[PDB]
file my_file.txt (compact mmCIF, C-alpha atoms and all ligand atoms)
# COMPACT_ATOMS: atom_id res chain seq x y z
CA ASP E 1 8.85 4.00 -20.30
CA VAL E 2 6.73 2.41 -17.58
CA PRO E 3 7.55 -1.32 -17.41
CA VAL E 4 4.53 -3.62 -17.78
CA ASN E 5 4.02 -7.36 -18.32
CA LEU E 6 7.69 -8.24 -18.73
CA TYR E 7 6.52 -11.66 -17.53
CA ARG E 8 3.12 -13.25 -18.15
CA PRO E 9 1.22 -16.20 -16.56
CA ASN E 10 2.08 -18.56 -19.41
CA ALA E 11 5.83 -18.03 -18.87
CA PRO E 12 6.44 -16.48 -15.42
CA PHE E 13 9.74 -15.42 -13.94
CA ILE E 14 10.99 -17.91 -11.37
CA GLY E 15 12.35 -15.98 -8.41
CA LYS E 16 14.02 -17.24 -5.25
CA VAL E 17 12.79 -16.19 -1.81
CA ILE E 18 15.57 -14.40 0.07
CA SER E 19 13.71 -13.62 3.29
CA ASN E 20 10.28 -13.89 4.93
CA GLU E 21 9.90 -11.71 8.04
CA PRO E 22 6.92 -10.99 10.34
CA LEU E 23 5.51 -7.46 10.48
CA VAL E 24 2.81 -7.95 13.12
CA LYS E 25 4.36 -7.56 16.57
CA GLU E 26 3.38 -9.52 19.67
CA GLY E 27 -0.22 -8.90 20.70
CA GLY E 28 -1.24 -8.03 17.16
CA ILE E 29 -4.05 -9.54 15.10
CA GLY E 30 -3.24 -11.99 12.35
CA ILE E 31 -0.11 -12.49 10.30
CA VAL E 32 1.46 -10.09 7.79
CA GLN E 33 4.85 -10.92 6.30
CA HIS E 34 7.46 -8.87 4.44
CA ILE E 35 8.79 -11.22 1.74
CA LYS E 36 11.81 -10.41 -0.42
CA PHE E 37 12.54 -12.19 -3.71
CA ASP E 38 15.72 -12.43 -5.78
CA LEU E 39 15.29 -11.09 -9.33
CA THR E 40 18.74 -12.08 -10.59
CA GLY E 41 18.56 -14.28 -13.67
CA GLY E 42 15.65 -12.35 -15.14
CA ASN E 43 14.84 -8.86 -16.41
CA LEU E 44 11.93 -8.01 -14.15
CA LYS E 45 11.98 -4.24 -13.60
CA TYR E 46 9.25 -2.18 -11.95
CA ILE E 47 8.42 1.19 -10.42
CA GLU E 48 6.67 2.44 -7.29
CA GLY E 49 2.94 1.81 -7.04
CA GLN E 50 2.84 -1.24 -9.33
CA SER E 51 1.86 -4.83 -8.50
CA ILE E 52 3.12 -8.29 -9.47
CA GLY E 53 1.29 -11.57 -9.68
CA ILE E 54 2.16 -14.71 -7.73
CA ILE E 55 1.05 -18.13 -8.96
CA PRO E 56 0.63 -20.55 -6.04
CA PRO E 57 1.03 -24.33 -6.50
CA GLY E 58 -1.83 -26.81 -6.40
CA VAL E 59 -5.31 -27.05 -7.88
CA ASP E 60 -8.68 -25.64 -6.81
CA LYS E 61 -11.73 -27.63 -5.71
CA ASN E 62 -12.51 -28.29 -9.37
CA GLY E 63 -9.08 -29.68 -10.17
CA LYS E 64 -8.02 -26.58 -12.11
CA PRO E 65 -4.54 -25.03 -11.66
CA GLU E 66 -4.51 -22.07 -9.28
CA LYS E 67 -4.54 -18.70 -11.04
CA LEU E 68 -2.33 -15.76 -10.09
CA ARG E 69 -3.15 -13.38 -7.23
CA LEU E 70 -1.96 -9.77 -7.39
CA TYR E 71 0.13 -8.13 -4.67
CA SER E 72 1.16 -4.48 -4.41
CA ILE E 73 4.93 -4.13 -4.61
CA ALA E 74 6.23 -2.97 -1.22
CA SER E 75 9.76 -2.03 -2.26
CA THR E 76 11.07 0.84 -4.39
CA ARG E 77 12.31 0.10 -7.91
CA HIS E 78 15.75 -0.51 -6.41
CA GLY E 79 14.62 -3.12 -3.89
CA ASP E 80 15.02 -2.92 -0.11
CA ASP E 81 18.82 -3.06 -0.40
CA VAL E 82 18.94 -0.42 -3.13
CA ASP E 83 20.83 -2.82 -5.41
CA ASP E 84 18.28 -3.28 -8.22
CA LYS E 85 18.34 -7.01 -7.51
CA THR E 86 15.19 -7.72 -5.47
CA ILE E 87 11.49 -7.05 -4.97
CA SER E 88 9.38 -7.24 -1.81
CA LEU E 89 5.76 -7.90 -0.93
CA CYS E 90 3.62 -7.18 2.15
CA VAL E 91 1.34 -10.22 2.52
CA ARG E 92 -1.47 -10.77 5.05
CA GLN E 93 -2.52 -14.38 5.60
CA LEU E 94 -6.18 -14.44 4.64
CA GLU E 95 -8.35 -16.30 7.11
CA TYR E 96 -12.03 -16.11 7.95
CA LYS E 97 -14.71 -18.14 9.70
CA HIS E 98 -16.77 -20.29 7.35
CA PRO E 99 -20.47 -19.24 7.22
CA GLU E 100 -22.54 -21.17 9.77
CA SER E 101 -19.59 -23.51 10.30
CA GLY E 102 -17.21 -21.75 12.66
CA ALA E 103 -14.26 -23.45 10.96
CA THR E 104 -11.50 -21.09 9.83
CA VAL E 105 -10.76 -20.94 6.10
CA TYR E 106 -7.24 -20.13 4.89
CA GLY E 107 -6.49 -18.28 1.66
CA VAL E 108 -4.49 -20.37 -0.80
CA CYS E 109 -1.91 -17.93 -2.17
CA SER E 110 -1.52 -15.87 1.02
CA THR E 111 -0.97 -18.94 3.21
CA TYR E 112 1.54 -20.19 0.65
CA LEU E 113 3.39 -16.88 0.72
CA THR E 114 3.29 -16.11 4.44
CA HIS E 115 4.68 -19.56 5.25
CA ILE E 116 7.19 -19.79 2.41
CA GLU E 117 10.80 -20.65 3.26
CA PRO E 118 13.90 -18.79 2.07
CA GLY E 119 15.37 -20.55 -0.95
CA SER E 120 11.98 -21.56 -2.35
CA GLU E 121 11.26 -20.88 -6.03
CA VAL E 122 8.22 -18.73 -6.82
CA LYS E 123 6.38 -17.97 -10.06
CA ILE E 124 6.14 -14.19 -10.53
CA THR E 125 4.36 -12.18 -13.24
CA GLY E 126 4.14 -8.50 -14.13
CA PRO E 127 4.70 -5.84 -13.17
CA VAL E 128 1.21 -4.43 -13.66
CA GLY E 129 -0.62 -1.16 -13.08
CA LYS E 130 -0.37 2.48 -14.14
CA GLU E 131 -3.04 3.79 -11.74
CA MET E 132 -0.84 4.29 -8.65
CA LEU E 133 2.26 5.98 -10.07
CA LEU E 134 4.13 8.69 -8.16
CA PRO E 135 4.68 12.08 -9.86
CA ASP E 136 8.24 12.79 -10.98
CA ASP E 137 7.75 16.32 -9.62
CA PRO E 138 9.75 16.55 -6.34
CA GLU E 139 7.66 19.55 -5.26
CA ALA E 140 4.34 17.68 -5.32
CA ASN E 141 2.23 17.10 -2.22
CA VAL E 142 1.29 13.47 -1.64
CA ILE E 143 -1.65 12.39 0.51
CA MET E 144 -1.67 8.68 1.34
CA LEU E 145 -4.75 7.00 2.82
CA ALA E 146 -4.23 3.33 3.63
CA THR E 147 -5.56 0.45 5.70
CA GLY E 148 -3.66 -2.74 6.49
CA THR E 149 -1.56 -4.07 3.62
CA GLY E 150 -2.71 -1.07 1.62
CA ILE E 151 0.41 0.46 3.17
CA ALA E 152 2.44 -1.43 0.52
CA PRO E 153 2.47 1.13 -2.30
CA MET E 154 2.83 3.90 0.30
CA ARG E 155 6.05 2.31 1.55
CA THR E 156 7.44 2.39 -1.99
CA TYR E 157 6.65 6.11 -2.27
CA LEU E 158 7.92 7.01 1.19
CA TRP E 159 11.16 5.06 0.91
CA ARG E 160 11.96 6.64 -2.48
CA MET E 161 11.19 10.03 -0.98
CA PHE E 162 12.95 9.75 2.36
CA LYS E 163 15.43 6.85 2.59
CA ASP E 164 19.05 8.05 2.68
CA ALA E 165 20.24 5.38 0.22
CA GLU E 166 17.35 6.17 -2.14
CA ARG E 167 18.06 9.91 -2.21
CA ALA E 168 21.69 9.05 -2.98
CA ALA E 169 20.61 6.77 -5.84
CA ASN E 170 17.94 9.08 -7.30
CA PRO E 171 19.66 12.39 -8.09
CA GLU E 172 16.66 13.36 -10.23
CA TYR E 173 14.23 12.97 -7.32
CA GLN E 174 15.10 14.92 -4.17
CA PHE E 175 11.69 15.22 -2.52
CA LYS E 176 10.97 18.52 -0.82
CA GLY E 177 7.19 18.63 -0.96
CA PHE E 178 4.74 17.51 1.74
CA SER E 179 3.49 13.97 2.31
CA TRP E 180 0.78 12.91 4.75
CA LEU E 181 0.04 9.30 5.62
CA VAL E 182 -3.17 8.38 7.43
CA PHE E 183 -2.79 4.68 8.27
CA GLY E 184 -5.57 2.52 9.70
CA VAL E 185 -4.93 -0.78 11.50
CA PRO E 186 -6.54 -2.55 14.50
CA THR E 187 -3.69 -2.24 17.03
CA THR E 188 -0.31 -0.63 17.62
CA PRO E 189 1.36 -4.04 17.14
CA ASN E 190 -0.36 -4.08 13.73
CA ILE E 191 1.20 -0.80 12.58
CA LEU E 192 3.25 -2.22 9.72
CA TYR E 193 6.76 -0.71 9.44
CA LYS E 194 5.98 1.43 12.51
CA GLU E 195 9.63 2.00 13.45
CA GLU E 196 10.60 3.16 9.97
CA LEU E 197 7.53 5.35 9.45
CA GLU E 198 8.24 7.13 12.72
CA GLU E 199 11.92 7.52 11.84
CA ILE E 200 10.87 9.42 8.72
CA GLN E 201 8.58 11.76 10.67
CA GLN E 202 11.40 12.54 13.11
CA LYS E 203 13.91 13.30 10.37
CA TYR E 204 11.52 15.14 8.04
CA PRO E 205 9.03 16.92 10.36
CA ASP E 206 8.26 19.56 7.73
CA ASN E 207 7.90 17.11 4.84
CA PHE E 208 6.06 14.16 6.40
CA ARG E 209 3.00 13.89 8.64
CA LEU E 210 1.95 10.56 10.14
CA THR E 211 -1.56 9.92 11.47
CA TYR E 212 -2.88 6.64 12.84
CA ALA E 213 -6.40 5.31 13.18
CA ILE E 214 -6.14 2.42 15.66
CA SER E 215 -9.58 0.80 16.03
CA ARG E 216 -8.95 -1.19 19.23
CA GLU E 217 -7.14 1.59 21.09
CA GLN E 218 -9.01 4.68 19.95
CA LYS E 219 -12.63 5.76 19.53
CA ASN E 220 -14.12 8.47 17.33
CA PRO E 221 -16.29 11.34 18.64
CA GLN E 222 -19.38 9.14 18.20
CA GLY E 223 -17.94 6.52 20.55
CA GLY E 224 -17.30 3.99 17.81
CA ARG E 225 -13.92 2.46 16.97
CA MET E 226 -11.47 4.82 15.25
CA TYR E 227 -11.22 4.10 11.52
CA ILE E 228 -9.43 5.95 8.73
CA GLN E 229 -12.57 7.74 7.51
CA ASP E 230 -12.91 9.13 11.04
CA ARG E 231 -9.44 10.69 10.81
CA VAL E 232 -10.19 12.11 7.37
CA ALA E 233 -13.38 13.60 8.79
CA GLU E 234 -11.41 15.08 11.69
CA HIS E 235 -8.97 16.75 9.28
CA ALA E 236 -11.35 17.26 6.35
CA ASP E 237 -10.68 20.99 5.91
CA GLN E 238 -6.89 20.53 6.07
CA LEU E 239 -7.07 17.73 3.50
CA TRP E 240 -9.37 19.70 1.19
CA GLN E 241 -7.07 22.73 1.41
CA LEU E 242 -4.13 20.57 0.28
CA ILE E 243 -6.12 18.82 -2.45
CA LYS E 244 -6.93 22.23 -3.97
CA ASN E 245 -3.27 22.61 -4.97
CA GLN E 246 -2.81 21.61 -8.62
CA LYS E 247 0.40 19.82 -7.60
CA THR E 248 -1.27 17.55 -5.04
CA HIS E 249 -1.78 13.84 -5.63
CA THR E 250 -3.89 11.56 -3.44
CA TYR E 251 -3.45 7.79 -3.12
CA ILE E 252 -5.99 5.41 -1.59
CA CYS E 253 -5.25 1.74 -1.03
CA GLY E 254 -6.90 -0.92 1.11
CA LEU E 255 -10.42 -2.18 1.81
CA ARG E 256 -13.24 -1.42 -0.65
CA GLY E 257 -15.40 0.21 2.01
CA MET E 258 -13.26 3.22 2.88
CA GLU E 259 -13.80 5.61 -0.05
CA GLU E 260 -17.46 6.18 0.84
CA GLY E 261 -16.64 7.77 4.19
CA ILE E 262 -13.67 9.63 2.71
CA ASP E 263 -15.86 11.25 0.06
CA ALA E 264 -18.52 12.20 2.60
CA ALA E 265 -15.90 14.08 4.62
CA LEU E 266 -14.30 15.92 1.70
CA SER E 267 -17.72 16.66 0.21
CA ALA E 268 -18.74 18.61 3.32
CA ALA E 269 -15.44 20.51 3.32
CA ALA E 270 -15.58 21.53 -0.35
CA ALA E 271 -19.28 22.40 -0.09
CA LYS E 272 -18.30 25.25 2.25
CA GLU E 273 -16.61 26.96 -0.69
CA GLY E 274 -19.43 26.13 -3.08
CA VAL E 275 -17.67 23.16 -4.66
CA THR E 276 -19.27 19.81 -5.43
CA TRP E 277 -16.65 17.23 -4.39
CA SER E 278 -18.01 14.49 -6.65
CA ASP E 279 -17.42 16.71 -9.70
CA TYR E 280 -14.04 18.03 -8.54
CA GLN E 281 -12.99 14.44 -7.81
CA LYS E 282 -14.00 13.33 -11.30
CA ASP E 283 -11.74 16.01 -12.73
CA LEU E 284 -8.90 14.93 -10.43
CA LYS E 285 -9.26 11.35 -11.66
CA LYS E 286 -9.26 12.53 -15.28
CA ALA E 287 -6.09 14.53 -14.55
CA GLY E 288 -4.38 11.54 -12.97
CA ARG E 289 -4.20 13.07 -9.49
CA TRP E 290 -6.69 10.86 -7.62
CA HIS E 291 -5.29 7.33 -7.37
CA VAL E 292 -7.42 4.52 -5.97
CA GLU E 293 -6.63 0.83 -5.62
CA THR E 294 -8.91 -1.24 -3.39
CA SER E 295 -10.53 -4.67 -3.16
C1 LIG M 301 -4.31 -5.07 -7.25
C2 LIG M 301 -4.34 -5.88 -5.97
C3 LIG M 301 -3.30 -5.70 -5.03
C4 LIG M 301 -3.31 -6.46 -3.88
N1 LIG M 301 -2.31 -6.28 -2.95
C5 LIG M 301 -2.23 -7.05 -1.83
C6 LIG M 301 -1.19 -6.87 -0.90
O1 LIG M 301 -0.29 -6.02 -1.04
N2 LIG M 301 -1.21 -7.68 0.21
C7 LIG M 301 -2.16 -8.65 0.43
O2 LIG M 301 -2.13 -9.34 1.46
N3 LIG M 301 -3.15 -8.81 -0.47
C8 LIG M 301 -3.19 -8.05 -1.62
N4 LIG M 301 -4.21 -8.26 -2.52
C9 LIG M 301 -5.16 -9.42 -2.31
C10 LIG M 301 -4.58 -10.65 -2.99
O3 LIG M 301 -4.59 -10.52 -4.41
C11 LIG M 301 -5.37 -11.93 -2.66
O4 LIG M 301 -6.70 -11.78 -3.07
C12 LIG M 301 -5.35 -12.28 -1.16
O5 LIG M 301 -4.05 -12.55 -0.75
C13 LIG M 301 -6.22 -13.53 -0.94
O6 LIG M 301 -5.85 -14.61 -1.80
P1 LIG M 301 -5.72 -16.12 -1.29
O7 LIG M 301 -5.30 -16.93 -2.43
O8 LIG M 301 -4.86 -16.23 0.00
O9 LIG M 301 -7.24 -16.46 -0.90
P2 LIG M 301 -8.23 -17.40 -1.80
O10 LIG M 301 -7.84 -18.86 -1.68
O11 LIG M 301 -8.17 -16.88 -3.16
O12 LIG M 301 -9.66 -17.12 -1.10
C14 LIG M 301 -10.38 -15.92 -1.33
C15 LIG M 301 -11.90 -16.14 -1.33
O13 LIG M 301 -12.38 -16.29 0.00
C16 LIG M 301 -13.62 -15.61 0.18
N5 LIG M 301 -13.46 -14.57 1.22
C17 LIG M 301 -12.45 -13.65 1.25
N6 LIG M 301 -12.61 -12.86 2.34
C18 LIG M 301 -13.71 -13.27 3.01
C19 LIG M 301 -14.30 -12.79 4.19
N7 LIG M 301 -13.83 -11.75 4.88
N8 LIG M 301 -15.46 -13.42 4.64
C20 LIG M 301 -16.00 -14.49 3.94
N9 LIG M 301 -15.40 -14.95 2.77
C21 LIG M 301 -14.26 -14.35 2.32
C22 LIG M 301 -13.99 -15.00 -1.17
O14 LIG M 301 -14.94 -15.81 -1.82
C23 LIG M 301 -12.68 -14.97 -1.94
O15 LIG M 301 -12.92 -15.09 -3.33
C24 LIG M 301 -4.29 -7.46 -3.67
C25 LIG M 301 -5.30 -7.64 -4.60
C26 LIG M 301 -5.32 -6.85 -5.75
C27 LIG M 301 -6.52 -7.01 -6.65
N1 LIG M 302 -4.81 -3.33 -5.54
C1 LIG M 302 -5.73 -3.52 -4.60
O1 LIG M 302 -7.08 -3.64 -5.00
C2 LIG M 302 -5.28 -3.58 -3.16
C3 LIG M 302 -3.96 -3.37 -2.75
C4 LIG M 302 -3.57 -3.64 -1.44
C5 LIG M 302 -4.51 -4.07 -0.48
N2 LIG M 302 -5.78 -4.29 -0.96
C6 LIG M 302 -6.87 -4.76 -0.07
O2 LIG M 302 -6.76 -4.17 1.20
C7 LIG M 302 -7.04 -5.13 2.20
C8 LIG M 302 -6.00 -5.06 3.28
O3 LIG M 302 -6.60 -5.67 4.39
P1 LIG M 302 -5.79 -6.04 5.71
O4 LIG M 302 -6.13 -7.46 6.07
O5 LIG M 302 -4.37 -5.71 5.48
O6 LIG M 302 -6.53 -5.07 6.79
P2 LIG M 302 -6.44 -5.14 8.43
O7 LIG M 302 -4.99 -5.05 8.98
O8 LIG M 302 -7.22 -6.27 9.01
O9 LIG M 302 -7.27 -3.86 8.93
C9 LIG M 302 -7.39 -2.62 8.29
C10 LIG M 302 -8.33 -1.75 9.14
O10 LIG M 302 -9.48 -1.37 8.39
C11 LIG M 302 -10.63 -1.44 9.23
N3 LIG M 302 -11.92 -1.39 8.49
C12 LIG M 302 -12.96 -2.30 8.43
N4 LIG M 302 -13.93 -1.79 7.61
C13 LIG M 302 -13.54 -0.56 7.16
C14 LIG M 302 -14.12 0.40 6.32
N5 LIG M 302 -15.22 0.11 5.63
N6 LIG M 302 -13.43 1.59 6.08
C15 LIG M 302 -12.18 1.80 6.61
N7 LIG M 302 -11.63 0.86 7.45
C16 LIG M 302 -12.28 -0.30 7.72
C17 LIG M 302 -10.37 -2.67 10.10
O11 LIG M 302 -11.35 -2.75 11.13
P3 LIG M 302 -11.32 -3.61 12.51
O12 LIG M 302 -10.14 -3.21 13.37
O13 LIG M 302 -12.60 -3.37 13.31
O14 LIG M 302 -11.12 -5.04 12.23
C18 LIG M 302 -8.88 -2.40 10.44
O15 LIG M 302 -8.59 -1.50 11.53
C19 LIG M 302 -7.13 -6.51 1.55
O16 LIG M 302 -8.45 -7.00 1.74
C20 LIG M 302 -6.77 -6.28 0.08
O17 LIG M 302 -7.67 -6.94 -0.83
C21 LIG M 302 -6.18 -4.01 -2.24

call {"tool": "encode", "arguments": {"input": "my_file.txt", "output": "structure tokens"}}
result
Amino acid sequence: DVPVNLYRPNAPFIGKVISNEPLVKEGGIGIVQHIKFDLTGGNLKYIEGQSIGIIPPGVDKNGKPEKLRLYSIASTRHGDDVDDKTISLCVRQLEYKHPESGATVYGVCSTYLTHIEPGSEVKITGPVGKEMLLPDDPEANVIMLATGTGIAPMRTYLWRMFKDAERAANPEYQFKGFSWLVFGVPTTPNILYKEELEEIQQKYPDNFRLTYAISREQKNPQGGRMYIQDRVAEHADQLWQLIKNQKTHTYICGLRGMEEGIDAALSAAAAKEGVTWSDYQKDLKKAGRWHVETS
């Protein structure tokens, strides 16, 4: 049922870029682009939470062809236009200062993508992944913890759940549970899809909660910059109480250094009721209700 590897690296699907739009507003840090590709002419199908690979042109320092890089799909299975004809990505241009050099280094595939022009042909593979799938149960509770581009799979869940056109297209999935997104980014201008996320909260106040952790505009109780683990700590009991429901699913996507703080917070909450979080968590993973995707 779940589509996987309809296209592989040795024979990728060649899709055409339809649009490449900026997501970081003025005054924000870095570049993050929402890129939409045309899937017509191929049979690439996918579902929420999956990823696709992108093979950039060129060779590496050793003269070897560039390998694919994975990107979390940012659109629902129907595409942003709900026409089953496209797929979108949320790509940050990777750039860092070279060790003891000061010179900025630019990621190969992400620079290629963020600067790509509409009409360009791109090699796509996939889809891949069965670790971040959304429950078919419309009554489920969905906790979403994300940082930066980790918002990608969350957008696919939230759009399917709350977009008017999606609800009209998915008679089998009329969401009426509770979803809570805790999103961490450095600045307000960096809140990806801010306008749309807030529109959902306004229209579905009883079904969607939105919490931000803005590091350059907020500080935690300790005086440090506000990060996602700080928000989880702040609402640890509320989160634990929700997680206890057998119908609750939790999704974590973003940097590889966020789970540690998250676990510390939930561990203290569960310990109050004589529960060892590490063990409970293991059981949640085994049951397919604790979804993590970081790097
Ligand atoms: C399952 C999955 C989903 C992903 N989803 C997304 C997504 O939705 N959006 C997105 O933008 N990215 C996503 N990524 C990351 C993506 O796959 C690429 O790794 C990213 O875009 C960088 O690739 P690049 O080709 O631009 O950089 P490359 O040319 O491949 O350079 C990367 C290399 O630079 C070095 N490096 C990286 N960071 C630093 C640093 N901070 N300091 C010093 N050295 C460093 C490392 O040696 C690294 O191997 C995802 C990754 C995976 C595994
Ligand atoms: N499938 C996957 O494995 C998957 C999928 C999608 C994304 N990703 C990963 O997620 C990352 C997205 O990064 P981005 O560039 O989009 O992020 P970003 O916009 O630069 O920032 C995200 C926020 O996280 C903060 N942060 C730093 N260390 C943290 C920690 N240990 N715990 C929690 N927050 C921390 C940052 O701090 P400051 O404000 O102080 O800078 C910032 O506010 C990528 O590196 C990508 O590899 C992985």

call {"tool": "atom_distance", "arguments": {"input": "my_file.txt", "atom1": "CA of residue 92 in chain E", "atom2": "CA of residue 19 in chain E"}}
result
15.5 Å

call {"tool": "atom_distance", "arguments": {"input": "my_file.txt", "atom1": "atom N8 of ligand LIG 301 (chain M)", "atom2": "CA of residue 186 in chain E"}}
result
17.2 Å

call {"tool": "atom_distance", "arguments": {"input": "my_file.txt", "atom1": "CA of residue 26 in chain E", "atom2": "CA of residue 189 in chain E"}}
result
6.4 Å

call {"tool": "residues_near_ligand", "arguments": {"input": "my_file.txt", "ligand": "ligand LIG 301 (chain M)", "cutoff": "6 Å", "atoms": "all atoms listed in the file", "output": "ChimeraX atom specification"}}
result
/E:69-72,90-92,94,96,107-111,149,152,295

call {"tool": "write_last_selection", "arguments": {"input": "my_file.txt", "atoms": "C-alpha atoms", "output": "mmCIF file, in the frame of the given file"}}
result
data_model
loop_
_atom_site.group_PDB
_atom_site.id
_atom_site.type_symbol
_atom_site.label_atom_id
_atom_site.label_comp_id
_atom_site.auth_asym_id
_atom_site.auth_seq_id
_atom_site.Cartn_x
_atom_site.Cartn_y
_atom_site.Cartn_z
ATOM 1 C CA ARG E 69 -3.150 -13.380 -7.230
ATOM 2 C CA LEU E 70 -1.960 -9.770 -7.390
ATOM 3 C CA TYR E 71 0.130 -8.130 -4.670
ATOM 4 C CA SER E 72 1.160 -4.480 -4.410
ATOM 5 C CA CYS E 90 3.620 -7.180 2.150
ATOM 6 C CA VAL E 91 1.340 -10.220 2.520
ATOM 7 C CA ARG E 92 -1.470 -10.770 5.050
ATOM 8 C CA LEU E 94 -6.180 -14.440 4.640
ATOM 9 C CA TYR E 96 -12.030 -16.110 7.950
ATOM 10 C CA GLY E 107 -6.490 -18.280 1.660
ATOM 11 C CA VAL E 108 -4.490 -20.370 -0.800
ATOM 12 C CA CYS E 109 -1.910 -17.930 -2.170
ATOM 13 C CA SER E 110 -1.520 -15.870 1.020
ATOM 14 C CA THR E 111 -0.970 -18.940 3.210
ATOM 15 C CA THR E 149 -1.560 -4.070 3.620
ATOM 16 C CA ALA E 152 2.440 -1.430 0.520
ATOM 17 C CA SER E 295 -10.530 -4.670 -3.160
#

call {"tool": "residues_near_point", "arguments": {"input": "my_file.txt", "point": "(1.9, 2.4, -7.3)", "cutoff": "10 Å", "atoms": "all atoms listed in the file", "output": "list in words"}}
result
residues 46, 47, 48, 49, 50, 51, 72, 73, 74, 76, 128, 129, 130, 131, 132, 133, 134, 152, 153, 154, 155, 156, 157, 251, 253, 291, 292 and 293 of chain E

call {"tool": "residues_around", "arguments": {"input": "my_file.txt", "residues": "residue 249 in chain E", "least_positions_apart": "2", "cutoff": "9 Å", "atoms": "all atoms listed in the file", "output": "list in words"}}
result
residues 134, 135, 140, 141, 142, 143, 144, 243, 245, 246, 247, 251, 284, 288, 289, 290 and 291 of chain E

call {"tool": "closest_residue", "arguments": {"input": "my_file.txt", "among": "E:80, E:95, E:21, E:100", "to": "residue 166 in chain E", "atoms": "all atoms listed in the file"}}
result
E:80

call {"tool": "residues_around", "arguments": {"input": "my_file.txt", "residues": "residue 206 in chain E", "least_positions_apart": "3", "cutoff": "12 Å", "atoms": "only C-alpha atoms", "output": "list in words"}}
result
residues 141, 175, 176, 177, 178, 179, 180, 200, 201, 202, 203, 209 and 210 of chain E

call {"tool": "closest_residue", "arguments": {"input": "my_file.txt", "among": "E:77, E:256, E:282, E:36", "to": "residue 294 in chain E", "atoms": "all atoms listed in the file"}}
result
E:256

call {"tool": "closest_residue", "arguments": {"input": "my_file.txt", "among": "E:193, E:37, E:173, E:183", "to": "residue 116 in chain E", "atoms": "only C-alpha atoms"}}
result
E:37

call {"tool": "residues_around", "arguments": {"input": "my_file.txt", "residues": "range 13-16 of chain E", "least_positions_apart": "5", "cutoff": "10 Å", "atoms": "only C-alpha atoms", "output": "list in words"}}
result
residues 6, 7, 8, 36, 37, 38, 39, 40, 41, 42, 43, 44, 54, 86, 87, 117, 118, 119, 120, 121, 122, 123, 124, 125 and 126 of chain E

call {"tool": "closest_residue", "arguments": {"input": "my_file.txt", "among": "E:22, E:61, E:172, E:250", "to": "residue 285 in chain E", "atoms": "only C-alpha atoms"}}
result
E:250

call {"tool": "residues_near_point", "arguments": {"input": "my_file.txt", "point": "(-16.3, 19.0, 1.5)", "cutoff": "12 Å", "atoms": "all atoms listed in the file", "output": "number ranges by chain"}}
result
E: 232-241, 243-244, 261-281

call {"tool": "closest_residue", "arguments": {"input": "my_file.txt", "among": "E:168, E:3, E:219, E:148", "to": "ligand LIG 302 (chain M)", "atoms": "only C-alpha atoms and all ligand atoms"}}
result
E:148
